[PDB]
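The structure appears below as structure tokens.
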Amino acid sequence: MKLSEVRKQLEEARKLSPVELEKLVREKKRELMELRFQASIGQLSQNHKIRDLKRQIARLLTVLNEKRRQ
RNA sequence: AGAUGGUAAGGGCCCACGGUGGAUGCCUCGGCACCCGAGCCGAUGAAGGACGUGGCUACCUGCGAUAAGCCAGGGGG
Ligand SMILES: [Mg+2]
Ligand SMILES: [Mg+2]
Ligand SMILES: [Mg+2]
Ligand SMILES: [Mg+2]
Ligand SMILES: [Mg+2]
Ligand SMILES: [Mg+2]
Ligand SMILES: [Mg+2]
Ligand SMILES: [Mg+2]
Ligand SMILES: [Mg+2]
Ligand SMILES: [Mg+2]
Ligand SMILES: [Mg+2]
Ligand SMILES: [Mg+2]
Ligand SMILES: [Mg+2]
Ligand SMILES: [Mg+2]
Ligand SMILES: [Mg+2]
Ligand SMILES: [Mg+2]
Ligand SMILES: [Mg+2]
Ligand SMILES: [Mg+2]
Ligand SMILES: [Mg+2]
Ligand SMILES: [Mg+2]
């Protein structure tokens with residue numbers, strides 16, 4: 001997404017505990033599956049949202065992997 | 001009576017223009033040689049692979065369910 005929103009996403013993710021982080025990823029993964037459904041019926045005009053959520057999930061798992069590895 | 005020509009189904013030689021074919025010249029993202037530099041990787045799972053991976057994705061490249069990418073530092077504008 002926008003570069004400032006990535007930065008804010010990383011500040012907030014880093015204030016989350018591993019349990020919060022897992023629960024967020026589980027939520028964003030659900031929304032990603034919702035995006036794939038929508039895109040498969042031709043309903044996702046804004047297809048950039050699929051990639052954005054995928055990288056979001058990557059950042060969150062990266063920070064989750066950070067917090068179990070200081 | 002005598003004699004000499006017009007005939008071209010087709011063919012031959014030459015001239016013109018085309019078709020085919022891809023020589024020659026020019027060209028080079030490639031290659032060759034020499035020199036110099038530099039020289040190990042791997043159970044912390046190598047080399048090399050299979051299968052995946054993009055909103056649309058046959059192949060190649062990249063990457064690995066965090067999947068043409070994730071975090072940070074440096075360069076750059
Ligand atoms: Mg998906
Ligand atoms: Mg598909
Ligand atoms: Mg993802
Ligand atoms: Mg005659
Ligand atoms: Mg004739
Ligand atoms: Mg004739
Ligand atoms: Mg003849
Ligand atoms: Mg030709
Ligand atoms: Mg050369
Ligand atoms: Mg070597
Ligand atoms: Mg390998
Ligand atoms: Mg591939
Ligand atoms: Mg696809
Ligand atoms: Mg290749
Ligand atoms: Mg799996
Ligand atoms: Mg996937
Ligand atoms: Mg990014
Ligand atoms: Mg970066
Ligand atoms: Mg930096
Ligand atoms: Mg930078």
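We label chains A, B, ... in the order they appear in the structure tokens, count residues from 1 in each chain, and number ligands from 1 in the order shown.
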
Using only C-alpha atoms (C1' of nucleotides) and a distance of at most 12 Å, pull out the residues of chain A that contact chain B, as a PDB file with C-alpha atoms, in the first residue's frame.
```pdb
ATOM      1  CA  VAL A   6       3.391   0.365   5.671  1.00  0.00           C
ATOM      2  CA  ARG A   7       5.456   2.309   8.217  1.00  0.00           C
ATOM      3  CA  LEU A  10       5.023  -1.891  11.138  1.00  0.00           C
ATOM      4  CA  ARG A  14       5.601  -4.255  16.645  1.00  0.00           C
ATOM      5  CA  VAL A  25      -2.868 -12.851  10.468  1.00  0.00           C
ATOM      6  CA  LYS A  29      -5.810 -14.504   5.772  1.00  0.00           C
ATOM      7  CA  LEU A  35     -10.642 -11.413  -1.894  1.00  0.00           C
ATOM      8  CA  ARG A  36      -9.898 -14.536  -3.927  1.00  0.00           C
ATOM      9  CA  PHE A  37     -13.592 -15.485  -3.961  1.00  0.00           C
ATOM     10  CA  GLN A  38     -14.594 -11.979  -5.005  1.00  0.00           C
ATOM     11  CA  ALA A  39     -11.935 -11.931  -7.717  1.00  0.00           C
ATOM     12  CA  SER A  40     -13.066 -15.335  -8.989  1.00  0.00           C
ATOM     13  CA  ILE A  41     -16.623 -14.080  -9.649  1.00  0.00           C
ATOM     14  CA  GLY A  42     -15.225 -10.975 -11.361  1.00  0.00           C
ATOM     15  CA  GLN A  43     -16.139  -8.683  -8.455  1.00  0.00           C
ATOM     16  CA  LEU A  44     -12.710  -7.318  -7.429  1.00  0.00           C
ATOM     17  CA  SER A  45     -12.102  -4.268  -9.575  1.00  0.00           C
ATOM     18  CA  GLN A  46      -9.381  -3.119  -7.153  1.00  0.00           C
ATOM     19  CA  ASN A  47      -7.192  -6.158  -7.647  1.00  0.00           C
ATOM     20  CA  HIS A  48      -4.203  -4.351  -6.130  1.00  0.00           C
ATOM     21  CA  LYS A  49      -5.834  -5.212  -2.796  1.00  0.00           C
ATOM     22  CA  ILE A  50      -4.915  -8.885  -3.227  1.00  0.00           C
ATOM     23  CA  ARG A  51      -1.178  -8.223  -3.347  1.00  0.00           C
ATOM     24  CA  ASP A  52      -1.368  -5.614  -0.577  1.00  0.00           C
ATOM     25  CA  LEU A  53      -3.002  -8.051   1.833  1.00  0.00           C
ATOM     26  CA  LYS A  54      -0.475 -10.731   0.904  1.00  0.00           C
ATOM     27  CA  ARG A  55       2.479  -8.477   1.761  1.00  0.00           C
ATOM     28  CA  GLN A  56       0.672  -7.328   4.909  1.00  0.00           C
ATOM     29  CA  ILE A  57       0.495 -10.966   5.995  1.00  0.00           C
ATOM     30  CA  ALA A  58       4.205 -11.246   5.193  1.00  0.00           C
ATOM     31  CA  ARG A  59       5.104  -8.226   7.330  1.00  0.00           C
ATOM     32  CA  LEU A  60       3.027  -9.524  10.240  1.00  0.00           C
ATOM     33  CA  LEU A  61       4.576 -12.990  10.129  1.00  0.00           C
ATOM     34  CA  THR A  62       7.995 -11.356   9.805  1.00  0.00           C
ATOM     35  CA  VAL A  63       7.374  -9.343  12.973  1.00  0.00           C
ATOM     36  CA  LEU A  64       5.867 -12.379  14.697  1.00  0.00           C
ATOM     37  CA  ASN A  65       9.010 -14.294  13.765  1.00  0.00           C
ATOM     38  CA  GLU A  66      10.986 -11.307  15.071  1.00  0.00           C
TER      39      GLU A  66
END
```

Near-ligand residues for ligand 14, threshold 12 Å, only C-alpha atoms (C1' of nucleotides) and all ligand atoms, as a list in words: residues 59, 60, 61 and 62 of chain B

Expected selection as a PyMOL selection string for ligand 11 within 10 Å, only C-alpha atoms (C1' of nucleotides) and all ligand atoms: chain B and resi 46-49

Find the nearest atom pair between each residue of chain B and ligand 20 for residues within 9 Å, count only C-alpha atoms (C1' of nucleotides) and all ligand atoms, give distances in Å to one decimal, sort rows by chain and ascending number, and present the table as CSV.
```
residue,atom,partner,partner_atom_place_in_ligand_line,distance
B:73,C1',ligand 20,1 (Mg),8.1
B:74,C1',ligand 20,1 (Mg),7.6
B:75,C1',ligand 20,1 (Mg),8.2
B:76,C1',ligand 20,1 (Mg),9.0
```

Within 12 Å of ligand 7, counting only C-alpha atoms (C1' of nucleotides) and all ligand atoms, which protein or nucleic acid residues do you find, written as a PDB file with N, CA and C atoms (P, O5', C5', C4', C3', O3' and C1' of nucleotides), in the first residue's frame?
```pdb
ATOM      1  P     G B  10       1.387 -25.131 -77.617  1.00  0.00           P
ATOM      2  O5'   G B  10       2.771 -25.798 -77.207  1.00  0.00           O
ATOM      3  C5'   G B  10       3.992 -25.097 -77.373  1.00  0.00           C
ATOM      4  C4'   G B  10       5.102 -26.034 -77.772  1.00  0.00           C
ATOM      5  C3'   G B  10       6.513 -25.493 -77.632  1.00  0.00           C
ATOM      6  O3'   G B  10       6.985 -25.511 -76.298  1.00  0.00           O
ATOM      7  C1'   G B  10       6.292 -26.482 -79.750  1.00  0.00           C
ATOM      8  P     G B  11       7.920 -24.323 -75.759  1.00  0.00           P
ATOM      9  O5'   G B  11       9.379 -24.746 -76.240  1.00  0.00           O
ATOM     10  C5'   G B  11       9.782 -26.104 -76.257  1.00  0.00           C
ATOM     11  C4'   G B  11      10.990 -26.283 -77.124  1.00  0.00           C
ATOM     12  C3'   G B  11      12.050 -25.213 -76.965  1.00  0.00           C
ATOM     13  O3'   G B  11      12.831 -25.381 -75.803  1.00  0.00           O
ATOM     14  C1'   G B  11      11.682 -25.584 -79.250  1.00  0.00           C
ATOM     15  P     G B  12      13.560 -24.128 -75.135  1.00  0.00           P
ATOM     16  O5'   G B  12      14.694 -23.748 -76.177  1.00  0.00           O
ATOM     17  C5'   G B  12      15.742 -24.652 -76.483  1.00  0.00           C
ATOM     18  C4'   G B  12      16.648 -24.056 -77.522  1.00  0.00           C
ATOM     19  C3'   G B  12      17.211 -22.691 -77.187  1.00  0.00           C
ATOM     20  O3'   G B  12      18.318 -22.777 -76.313  1.00  0.00           O
ATOM     21  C1'   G B  12      16.376 -22.657 -79.380  1.00  0.00           C
ATOM     22  P     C B  13      18.490 -21.769 -75.080  1.00  0.00           P
ATOM     23  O5'   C B  13      19.231 -20.510 -75.706  1.00  0.00           O
ATOM     24  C5'   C B  13      20.428 -20.665 -76.447  1.00  0.00           C
ATOM     25  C4'   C B  13      20.781 -19.400 -77.179  1.00  0.00           C
ATOM     26  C3'   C B  13      20.631 -18.110 -76.382  1.00  0.00           C
ATOM     27  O3'   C B  13      21.737 -17.839 -75.526  1.00  0.00           O
ATOM     28  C1'   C B  13      19.583 -17.856 -78.477  1.00  0.00           C
TER      29        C B  13
END
```

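Environment of ligand 16, defined as every protein or nucleic acid residue with an atom within 9 Å of it and counting only C-alpha atoms (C1' of nucleotides) and all ligand atoms, comprises residues 52, 53, 65 and 67 of chain B.
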
Point-to-point distance from atom CA of residue 26 of chain A to atom 1 (Mg, counted along the ligand's line) of ligand 15, Å rounded to tenths: 14.3 Å

12 Å shell around ligand 8 using only C-alpha atoms (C1' of nucleotides) and all ligand atoms, listed as a list in words: residues 19, 20, 21 and 22 of chain B
